[PDB]
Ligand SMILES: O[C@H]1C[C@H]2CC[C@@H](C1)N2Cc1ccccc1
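We begin with a single chain expressed as structure tokens, specifically the form solved without the ligand.
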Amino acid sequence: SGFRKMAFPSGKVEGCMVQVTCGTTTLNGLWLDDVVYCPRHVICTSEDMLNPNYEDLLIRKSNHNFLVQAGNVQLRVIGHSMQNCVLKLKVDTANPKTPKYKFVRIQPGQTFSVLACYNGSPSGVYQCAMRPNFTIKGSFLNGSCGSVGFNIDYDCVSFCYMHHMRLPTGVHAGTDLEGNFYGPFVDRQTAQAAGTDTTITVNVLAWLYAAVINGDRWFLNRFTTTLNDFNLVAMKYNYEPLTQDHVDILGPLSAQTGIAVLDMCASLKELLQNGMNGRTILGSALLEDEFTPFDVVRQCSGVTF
């Protein structure tokens, strides 16, 4: 009963968050073993962030110019390197709280939990989808940079995101933990924008399933459709073209509800062409695309860690 946007528990990552200061610039860092990971723009003055030469800017920096603080304890920096748009600081101490972990580049459409941090302290936790245009719709204020997104598979933390910037639209962009941006973004204060965002069709269908399961069904019709004719309608609404692989992935939900995917696709086409007429689904007056098929299964199968 109930379907909520749910974040993973944040304890494991909470113990990996530190504060990194370089001059006047303070942001957050991720401490795993004897390496702290942070956005490289920590080394920029306010002037620099219009058109920085990070190679040249780091050349003038030494280990002692990096102030890293865990709680009130200061870590000694004993080496530094730049990997893409992230800085790896080698420290004298390995994090005793280092969890089992992995670094994963995540695919668009996929979800993760974000631990929003300021001054190396956890502020709060929310779940996000990597949007098709490689932006995320988060809540990040200044000081949030170096906050990370993650998944937990039983015991293993899979870090997929580190925060670097907001775009004029008020959306957010960042890197994987190897410092490669998701999307065509660069760490400079220039005119930057993301493409057209698409609705993640596979994720909307899954959310429709979650509804049936929770007892919302008004939207169910008496018709079916064909993938191709469904997508003709998808095109016009900026919904992602649905594939056979998608249909396979929804198979578990289809099975547990006894609703064929293409019957649900017919339901969806009606909502796109007819709206929800003031009616709501799982208490949303719009269609939600930020729930993965798996997110739904887990939440409707009570999976823990």
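Sequential numbering from 1, following the sequence displayed.
Novice: Can you tell me whether 184-192 has a higher mean C-alpha B factor than 103-111 in this record, or the other way round?
Specialist: That would be 184-192.
Novice: With respect to the recorded C-alpha B factors, which stretch has the higher mean value, 226-234 or 83-91?
Specialist: It is 226-234.
Novice: At the C-alpha atoms, which of 214, 201, 121, 151 reaches the highest B-factor in this entry?
Specialist: Out of 214, 201, 121, 151, the record gives the largest C-alpha B-factor to 214.
Novice: So among 220, 141, 130, 171, who wins on Cα B-factor in the entry?
Specialist: That would be 220.
Novice: Divide the modelled residues of the chain into thirds by Cα B-factor and specify which third, lowest, middle or highest, holds residue 146.
Specialist: Its C-alpha B-factor belongs to the lowest third of this chain's values.
Novice: Splitting the chain's C-alpha B-factors into thirds, which one does residue 297 fall into?
Specialist: Highest third, going by the recorded CA B-factors of the chain.
Novice: Of the three thirds of its chain by CA temperature factor, lowest, middle or highest, which one includes residue 73?
Specialist: It belongs to the highest third of the chain when residues are ordered by C-alpha B-factor.
Novice: Taking the chain's C-alpha temperature factors as the reference, tell me which third residue 43 falls into: lowest, middle or highest.
Specialist: It falls in the middle third of the chain.
Novice: Give the position of residue 8 by CA B-factor within its chain, expressed as the lowest, middle or highest third.
Specialist: Bottom third by C-alpha B-factor.
The discussion below concerns the form solved in complex with the ligand, not included here.
Novice: Taking the shortest heavy atom distance, is residue 198 within 4.5 Å of the ligand in the entry with it bound?
Specialist: Yes, residue 198 is a contact residue.
Novice: I'd like to check something about residue 132: if you look in the entry with it bound, is any of its heavy atoms closer than or equal to 4.5 Å to a heavy atom of the ligand?
Specialist: The answer is yes: residue 132 has a heavy atom within 4.5 Å of the ligand.
Novice: Please run the contact check for residue 239 against the ligand in the entry with it bound: heavy atoms, 4.5 angstroms, yes or no?
Specialist: Residue 239 belongs to the contact set for the ligand.
Novice: Check whether residue 94 has any heavy atom within 4.5 Å of a heavy atom of the ligand in the entry with it bound, and answer yes or no.
Specialist: So residue 94 does not count as contacting the ligand.
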